[PDB]
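*Asks:* You'll find model.tsv just under this line, and it carries TSV, C-alpha atoms.
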```
chain	number	residue	atom	x	y	z
A	1	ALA	CA	9.79	-5.01	-9.86
A	2	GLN	CA	10.05	-8.75	-9.14
A	3	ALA	CA	12.01	-8.37	-5.90
A	4	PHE	CA	9.45	-5.81	-4.70
A	5	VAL	CA	6.66	-8.34	-5.42
A	6	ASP	CA	8.59	-11.20	-3.76
A	7	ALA	CA	9.42	-9.16	-0.64
A	8	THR	CA	5.91	-7.80	-0.13
A	9	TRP	CA	4.06	-11.05	-0.91
A	10	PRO	CA	4.21	-12.84	2.46
A	11	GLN	CA	3.32	-9.65	4.35
A	12	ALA	CA	0.51	-8.85	1.91
A	13	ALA	CA	-0.79	-12.41	2.34
A	14	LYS	CA	-0.71	-12.09	6.13
A	15	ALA	CA	-2.54	-8.75	6.06
A	16	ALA	CA	-5.00	-9.67	3.30
A	17	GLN	CA	-5.98	-12.92	5.03
A	18	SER	CA	-6.85	-10.90	8.16
A	19	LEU	CA	-8.94	-8.60	5.93
A	20	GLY	CA	-10.51	-11.47	3.96
A	21	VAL	CA	-9.31	-10.03	0.65
A	22	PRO	CA	-6.96	-11.64	-1.92
A	23	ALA	CA	-3.25	-11.06	-1.24
A	24	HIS	CA	-2.61	-9.62	-4.72
A	25	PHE	CA	-5.06	-6.76	-4.00
A	26	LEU	CA	-2.59	-5.40	-1.41
A	27	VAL	CA	0.45	-6.02	-3.62
A	28	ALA	CA	-1.29	-4.09	-6.43
A	29	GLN	CA	-2.13	-1.22	-4.08
A	30	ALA	CA	1.51	-0.96	-2.95
A	31	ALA	CA	2.72	-1.23	-6.56
A	32	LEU	CA	0.49	1.69	-7.58
A	33	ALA	CA	1.57	3.76	-4.57
A	34	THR	CA	5.31	3.26	-5.21
A	35	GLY	CA	5.60	2.61	-8.96
A	36	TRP	CA	6.41	-1.06	-8.30
A	37	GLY	CA	8.97	-0.08	-5.65
A	38	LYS	CA	10.82	2.43	-7.86
A	39	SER	CA	9.56	5.42	-5.87
A	40	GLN	CA	9.62	4.70	-2.14
A	41	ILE	CA	9.98	7.17	0.72
A	42	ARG	CA	13.53	7.18	2.13
A	43	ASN	CA	14.86	8.50	5.46
A	44	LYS	CA	17.52	11.23	5.51
A	45	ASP	CA	20.20	8.67	6.43
A	46	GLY	CA	19.35	6.78	3.22
A	47	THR	CA	17.48	3.88	4.84
A	48	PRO	CA	13.99	2.92	3.64
A	49	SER	CA	10.90	4.12	5.50
A	50	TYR	CA	9.24	0.90	4.24
A	51	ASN	CA	6.07	3.04	4.00
A	52	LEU	CA	4.92	1.41	0.78
A	53	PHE	CA	1.34	2.68	1.10
A	54	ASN	CA	2.54	6.28	1.63
A	55	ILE	CA	0.55	6.65	4.86
A	56	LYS	CA	0.70	10.09	6.49
A	57	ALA	CA	1.87	10.59	10.07
A	58	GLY	CA	-0.88	12.45	11.92
A	59	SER	CA	-1.61	13.40	15.52
A	60	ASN	CA	-2.25	9.78	16.58
A	61	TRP	CA	1.09	8.51	15.22
A	62	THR	CA	3.80	8.04	17.86
A	63	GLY	CA	6.25	6.04	15.74
A	64	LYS	CA	9.14	7.03	13.48
A	65	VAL	CA	8.43	9.95	11.15
A	66	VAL	CA	9.91	10.77	7.75
A	67	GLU	CA	9.43	14.01	5.84
A	68	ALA	CA	8.99	13.87	2.06
A	69	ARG	CA	8.24	16.43	-0.65
A	70	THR	CA	4.83	16.41	-2.35
A	71	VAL	CA	3.74	18.16	-5.56
A	72	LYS	CA	3.85	24.01	-5.62
A	73	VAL	CA	6.15	21.69	-3.64
A	74	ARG	CA	5.14	20.90	-0.05
A	75	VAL	CA	6.67	19.01	2.89
A	76	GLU	CA	4.43	16.22	4.21
A	77	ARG	CA	4.96	14.05	7.32
A	78	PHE	CA	4.85	10.29	6.71
A	79	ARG	CA	5.04	7.19	8.87
A	80	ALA	CA	8.29	5.22	8.91
A	81	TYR	CA	8.79	1.58	9.86
A	82	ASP	CA	11.60	-0.91	10.51
A	83	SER	CA	10.51	-3.34	7.74
A	84	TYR	CA	7.75	-4.18	5.24
A	85	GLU	CA	6.52	-6.59	7.93
A	86	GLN	CA	5.88	-3.68	10.32
A	87	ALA	CA	4.43	-1.53	7.52
A	88	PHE	CA	1.85	-4.22	6.67
A	89	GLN	CA	1.02	-4.75	10.35
A	90	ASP	CA	0.19	-1.02	10.58
A	91	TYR	CA	-1.85	-1.22	7.35
A	92	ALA	CA	-3.82	-4.20	8.69
A	93	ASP	CA	-4.55	-2.28	11.91
A	94	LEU	CA	-5.68	0.85	10.03
A	95	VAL	CA	-7.76	-0.77	7.30
A	96	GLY	CA	-9.01	-3.68	9.45
A	97	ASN	CA	-10.18	-1.64	12.44
A	98	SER	CA	-11.14	1.87	11.25
A	99	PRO	CA	-14.92	2.04	10.69
A	100	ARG	CA	-14.65	4.20	7.54
A	101	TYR	CA	-12.65	1.32	5.97
A	102	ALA	CA	-15.30	-1.26	6.96
A	103	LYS	CA	-16.32	-1.92	3.33
A	104	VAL	CA	-12.88	-3.33	2.43
A	105	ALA	CA	-13.20	-6.67	4.25
A	106	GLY	CA	-14.49	-9.60	2.19
A	107	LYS	CA	-14.15	-7.87	-1.19
A	108	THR	CA	-13.02	-10.22	-3.97
A	109	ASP	CA	-13.40	-7.82	-6.90
A	110	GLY	CA	-10.54	-5.42	-7.65
A	111	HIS	CA	-12.72	-2.40	-8.42
A	112	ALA	CA	-15.02	-3.00	-5.42
A	113	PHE	CA	-11.94	-3.21	-3.17
A	114	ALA	CA	-10.59	0.05	-4.64
A	115	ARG	CA	-13.97	1.79	-4.18
A	116	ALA	CA	-13.95	0.65	-0.53
A	117	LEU	CA	-10.46	2.09	-0.02
A	118	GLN	CA	-11.69	5.37	-1.52
A	119	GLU	CA	-14.76	5.41	0.75
A	120	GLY	CA	-12.37	5.06	3.70
A	121	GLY	CA	-10.35	8.03	2.43
A	122	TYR	CA	-7.16	6.24	1.38
A	123	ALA	CA	-7.01	8.40	-1.76
A	124	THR	CA	-9.45	11.03	-3.01
A	125	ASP	CA	-8.44	11.21	-6.73
A	126	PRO	CA	-11.57	10.42	-8.80
A	127	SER	CA	-9.62	8.01	-11.03
A	128	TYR	CA	-8.19	5.96	-8.13
A	129	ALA	CA	-10.55	2.97	-8.35
A	130	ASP	CA	-10.07	2.62	-12.11
A	131	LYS	CA	-6.28	2.94	-11.77
A	132	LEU	CA	-6.00	0.37	-8.97
A	133	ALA	CA	-8.38	-2.13	-10.60
A	134	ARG	CA	-6.25	-1.95	-13.76
A	135	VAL	CA	-3.19	-3.00	-11.73
A	136	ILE	CA	-5.14	-5.68	-9.82
A	137	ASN	CA	-6.50	-7.19	-13.03
A	138	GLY	CA	-3.47	-6.45	-15.24
A	139	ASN	CA	-1.01	-8.72	-17.03
A	140	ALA	CA	2.03	-7.10	-15.40
A	141	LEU	CA	0.87	-8.16	-11.92
A	142	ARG	CA	-0.29	-11.60	-13.09
A	143	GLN	CA	3.10	-12.34	-14.70
A	144	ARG	CA	5.00	-11.24	-11.59
A	145	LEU	CA	2.75	-13.29	-9.30
A	146	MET	CA	3.31	-16.39	-11.44
A	147	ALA	CA	7.07	-15.75	-11.38
A	148	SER	CA	6.93	-15.34	-7.60
A	149	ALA	CA	5.26	-18.71	-6.96
A	150	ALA	CA	7.32	-21.76	-5.97
A	151	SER	CA	5.13	-24.04	-8.10
A	152	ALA	CA	3.34	-24.11	-11.46
```
What is this file in C-alpha coordinates?
*Replies:*
Amino acid sequence: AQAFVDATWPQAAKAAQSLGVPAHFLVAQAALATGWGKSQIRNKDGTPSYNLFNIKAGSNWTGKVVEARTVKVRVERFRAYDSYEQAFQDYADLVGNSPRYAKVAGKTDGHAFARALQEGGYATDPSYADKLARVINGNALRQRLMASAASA
(Lines of atoms letter the chains of each structure in order from A and count residues from 1; the text may use other names and numbers.)
(Lines give C-alpha, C1' and ligand atoms only; values in the text may rest on other atoms or scores of the structure.)
Protein backbone atom coordinates (compact mmCIF):
# COMPACT_ATOMS: atom_id res chain seq x y z
CA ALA A 1 0.00 0.00 0.00
CA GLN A 2 2.95 2.36 0.53
CA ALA A 3 3.58 3.01 -3.17
CA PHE A 4 -0.13 3.77 -3.62
CA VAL A 5 0.09 6.32 -0.78
CA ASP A 6 3.34 7.81 -2.15
CA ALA A 7 2.00 8.11 -5.71
CA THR A 8 -1.33 9.65 -4.74
CA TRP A 9 0.05 12.04 -2.09
CA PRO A 10 1.17 15.00 -4.24
CA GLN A 11 -2.02 14.88 -6.31
CA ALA A 12 -4.17 14.55 -3.20
CA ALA A 13 -2.33 17.52 -1.68
CA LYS A 14 -2.90 19.60 -4.83
CA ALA A 15 -6.61 18.75 -4.91
CA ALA A 16 -7.20 18.98 -1.16
CA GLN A 17 -5.51 22.40 -0.95
CA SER A 18 -7.93 23.67 -3.63
CA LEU A 19 -10.79 22.23 -1.54
CA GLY A 20 -9.41 23.52 1.78
CA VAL A 21 -9.40 20.03 3.29
CA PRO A 22 -6.41 18.03 4.63
CA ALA A 23 -4.57 16.01 1.97
CA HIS A 24 -4.90 12.73 3.91
CA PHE A 25 -8.72 12.97 3.68
CA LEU A 26 -8.45 12.39 -0.10
CA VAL A 27 -5.81 9.66 0.26
CA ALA A 28 -8.11 7.87 2.76
CA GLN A 29 -11.08 8.19 0.39
CA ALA A 30 -9.07 6.66 -2.47
CA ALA A 31 -7.73 3.93 -0.16
CA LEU A 32 -11.27 2.95 0.84
CA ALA A 33 -12.48 3.02 -2.78
CA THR A 34 -9.64 0.78 -4.06
CA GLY A 35 -8.58 -1.30 -1.03
CA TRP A 36 -5.33 0.68 -0.76
CA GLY A 37 -4.72 0.28 -4.51
CA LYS A 38 -5.23 -3.50 -4.55
CA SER A 39 -8.52 -3.24 -6.45
CA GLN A 40 -8.31 -0.61 -9.18
CA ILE A 41 -10.26 -0.46 -12.45
CA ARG A 42 -8.14 -1.63 -15.40
CA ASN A 43 -8.64 -1.10 -19.16
CA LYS A 44 -9.04 -4.10 -21.47
CA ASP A 45 -5.47 -3.64 -22.75
CA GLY A 46 -4.24 -4.06 -19.15
CA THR A 47 -3.38 -0.40 -18.51
CA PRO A 48 -4.75 1.39 -15.43
CA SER A 49 -7.82 3.61 -15.69
CA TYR A 50 -6.30 5.58 -12.77
CA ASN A 51 -9.92 6.05 -11.64
CA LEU A 52 -9.08 5.66 -7.97
CA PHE A 53 -12.37 7.18 -6.78
CA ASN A 54 -14.41 4.82 -9.00
CA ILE A 55 -16.29 7.72 -10.64
CA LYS A 56 -18.99 6.71 -13.13
CA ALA A 57 -18.98 7.93 -16.73
CA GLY A 58 -22.35 9.59 -17.37
CA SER A 59 -23.90 11.66 -20.14
CA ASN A 60 -21.65 14.67 -19.45
CA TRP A 61 -18.41 12.65 -19.70
CA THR A 62 -16.59 12.97 -23.04
CA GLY A 63 -13.29 11.40 -21.98
CA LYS A 64 -11.98 7.84 -22.02
CA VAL A 65 -14.42 5.20 -20.78
CA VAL A 66 -13.76 1.85 -19.14
CA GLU A 67 -16.35 -0.84 -18.45
CA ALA A 68 -16.14 -2.80 -15.19
CA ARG A 69 -18.30 -5.44 -13.51
CA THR A 70 -20.29 -4.51 -10.39
CA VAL A 71 -21.99 -6.81 -7.86
CA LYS A 72 -26.38 -10.16 -9.80
CA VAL A 73 -23.35 -8.98 -11.79
CA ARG A 74 -23.75 -5.79 -13.84
CA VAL A 75 -21.63 -3.83 -16.33
CA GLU A 76 -21.06 -0.20 -15.29
CA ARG A 77 -19.38 2.58 -17.30
CA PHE A 78 -16.52 4.37 -15.53
CA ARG A 79 -14.25 7.29 -16.31
CA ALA A 80 -10.67 6.56 -17.38
CA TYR A 81 -7.66 8.87 -17.19
CA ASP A 82 -4.04 9.05 -18.34
CA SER A 83 -2.60 9.33 -14.80
CA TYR A 84 -3.47 9.85 -11.12
CA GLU A 85 -2.68 13.52 -11.81
CA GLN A 86 -5.55 13.73 -14.32
CA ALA A 87 -7.83 11.66 -12.06
CA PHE A 88 -7.34 14.11 -9.16
CA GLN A 89 -7.84 17.10 -11.46
CA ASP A 90 -11.24 15.65 -12.44
CA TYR A 91 -12.06 14.95 -8.77
CA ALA A 92 -11.17 18.55 -7.82
CA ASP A 93 -13.43 19.85 -10.61
CA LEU A 94 -16.35 17.61 -9.58
CA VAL A 95 -16.16 18.04 -5.81
CA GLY A 96 -14.95 21.67 -5.90
CA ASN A 97 -17.56 23.01 -8.31
CA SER A 98 -20.74 20.89 -8.03
CA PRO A 99 -23.21 22.62 -5.68
CA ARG A 100 -24.37 19.35 -4.05
CA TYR A 101 -20.74 18.86 -2.90
CA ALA A 102 -20.56 22.40 -1.46
CA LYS A 103 -20.34 21.15 2.15
CA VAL A 104 -16.97 19.42 1.53
CA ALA A 105 -14.81 22.56 1.37
CA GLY A 106 -13.19 23.67 4.62
CA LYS A 107 -13.95 20.47 6.54
CA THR A 108 -11.15 19.44 8.92
CA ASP A 109 -12.93 16.55 10.64
CA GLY A 110 -12.87 13.14 8.96
CA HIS A 111 -16.48 12.23 9.70
CA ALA A 112 -17.80 15.69 8.73
CA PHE A 113 -15.90 15.43 5.42
CA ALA A 114 -17.38 11.96 4.81
CA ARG A 115 -20.91 13.19 5.63
CA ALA A 116 -20.40 16.02 3.12
CA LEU A 117 -19.33 13.55 0.43
CA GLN A 118 -22.46 11.51 1.17
CA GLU A 119 -24.68 14.63 0.97
CA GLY A 120 -23.19 15.24 -2.49
CA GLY A 121 -24.04 11.67 -3.51
CA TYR A 122 -20.54 10.22 -3.75
CA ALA A 123 -21.77 7.03 -2.07
CA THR A 124 -25.21 6.20 -0.68
CA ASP A 125 -24.33 3.27 1.67
CA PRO A 126 -25.51 4.24 5.19
CA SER A 127 -22.20 3.10 6.73
CA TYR A 128 -20.02 5.19 4.38
CA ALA A 129 -19.21 8.06 6.76
CA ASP A 130 -18.26 5.70 9.59
CA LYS A 131 -16.12 3.57 7.25
CA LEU A 132 -14.27 6.54 5.74
CA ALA A 133 -13.70 8.29 9.08
CA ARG A 134 -12.16 5.07 10.41
CA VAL A 135 -9.62 5.14 7.56
CA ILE A 136 -9.00 8.89 7.94
CA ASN A 137 -8.40 8.56 11.69
CA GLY A 138 -6.80 5.09 11.61
CA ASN A 139 -3.32 3.86 12.49
CA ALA A 140 -2.79 2.22 9.09
CA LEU A 141 -3.07 5.58 7.30
CA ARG A 142 -1.06 7.44 9.96
CA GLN A 143 1.83 4.94 9.71
CA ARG A 144 1.88 5.13 5.91
CA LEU A 145 1.78 8.94 5.94
CA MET A 146 4.72 9.04 8.36
CA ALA A 147 6.63 6.59 6.15
CA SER A 148 5.84 8.73 3.10
CA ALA A 149 7.28 11.95 4.57
CA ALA A 150 10.83 13.07 3.73
CA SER A 151 11.39 14.28 7.30
CA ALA A 152 10.64 13.30 10.90
*Asks:* In Å, how far is it from CA of residue 106 (chain A) to CA of residue 40 (chain A)?
*Replies:*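 Atom-to-atom, CA of residue 106 (chain A) and CA of residue 40 (chain A) are spaced 28.4 Å apart.
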*Asks:* Give the answer as one residue: which of A:60, A:137, A:86, A:118 has the shortest atom-to-atom distance to residue 27 (chain A), using all atoms listed in the file?
*Replies:*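 Smallest distance to residue 27 (chain A) is found for A:137.
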*Asks:* To one decimal place, how far is CA of residue 22 (chain A) from CA of residue 79 (chain A) in Å?
*Replies:*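 Rounded to one decimal, the two atoms are 24.8 Å apart.
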*Asks:* Using all atoms listed in the file for the distances, tell me which of A:125, A:109, A:130, A:119 is nearest to residue 20 (chain A).
*Replies:*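 Closest residue, counting all atoms listed in the file: A:109.
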*Asks:* If you measure from CA of residue 111 (chain A) to CA of residue 129 (chain A), what distance in Å do you get, rounded to one decimal?
*Replies:*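 Rounded to one decimal, the two atoms are 5.8 Å apart.
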*Asks:* Smallest atom-to-atom distance to residue 6 (chain A): which of A:64, A:120, A:36, A:19, using all atoms listed in the file?
*Replies:* A:36
*Asks:* At a cut-off of 10 Å, using only C-alpha atoms, what residues contact residue 26 (chain A)? Leave out same-chain residues fewer than 3 positions from it and give the result as an mmCIF file with C-alpha atoms, in the frame of the given file.
*Replies:*
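Below is the file part_6.cif, written as the result:
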```cif
data_model
loop_
_atom_site.group_PDB
_atom_site.id
_atom_site.type_symbol
_atom_site.label_atom_id
_atom_site.label_comp_id
_atom_site.auth_asym_id
_atom_site.auth_seq_id
_atom_site.Cartn_x
_atom_site.Cartn_y
_atom_site.Cartn_z
ATOM 1 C CA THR A 8 5.910 -7.800 -0.130
ATOM 2 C CA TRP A 9 4.060 -11.050 -0.910
ATOM 3 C CA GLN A 11 3.320 -9.650 4.350
ATOM 4 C CA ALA A 12 0.510 -8.850 1.910
ATOM 5 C CA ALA A 13 -0.790 -12.410 2.340
ATOM 6 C CA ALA A 15 -2.540 -8.750 6.060
ATOM 7 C CA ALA A 16 -5.000 -9.670 3.300
ATOM 8 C CA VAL A 21 -9.310 -10.030 0.650
ATOM 9 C CA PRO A 22 -6.960 -11.640 -1.920
ATOM 10 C CA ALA A 23 -3.250 -11.060 -1.240
ATOM 11 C CA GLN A 29 -2.130 -1.220 -4.080
ATOM 12 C CA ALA A 30 1.510 -0.960 -2.950
ATOM 13 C CA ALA A 31 2.720 -1.230 -6.560
ATOM 14 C CA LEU A 32 0.490 1.690 -7.580
ATOM 15 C CA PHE A 53 1.340 2.680 1.100
ATOM 16 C CA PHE A 88 1.850 -4.220 6.670
ATOM 17 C CA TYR A 91 -1.850 -1.220 7.350
ATOM 18 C CA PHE A 113 -11.940 -3.210 -3.170
ATOM 19 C CA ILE A 136 -5.140 -5.680 -9.820
#
```
*Asks:* Would you mind telling me which residue in A:104, A:110, A:90, A:34 lies nearest to residue 63 (chain A) when using all atoms listed in the file?
*Replies:*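 Residue with the minimum atom-to-atom distance to residue 63 (chain A): A:90.
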*Asks:* Taking 2 positions as the minimum chain separation for residues in the same chain, which residues sit within 12 Å of residue 47 (chain A) when counting only C-alpha atoms? Answer as a ChimeraX atom specification.
*Replies:* /A:40-45,49-51,66,80-83
*Asks:* For residue 97 (chain A), which residue out of A:18, A:1, A:122, A:134 is the nearest one, using only C-alpha atoms?
*Replies:*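 Among the listed residues, A:18 lies closest to residue 97 (chain A).
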*Asks:* Using all atoms of region 98-108 of chain A listed in the file and a margin of 8 Å per side, can you give the axis-aligned box centre and edge lengths in Å to one decimal, as JSON?
*Replies:*
```
{"center_x": -13.7, "center_y": -3.0, "center_z": 3.6, "size_x": 21.2, "size_y": 30.4, "size_z": 31.2}
```
*Asks:* Would you please work out which residue, of A:114, A:102, A:94, A:75, is nearest to residue 126 (chain A) when using all atoms listed in the file?
*Replies:*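 The shortest atom-to-atom distance to residue 126 (chain A) comes from A:114.
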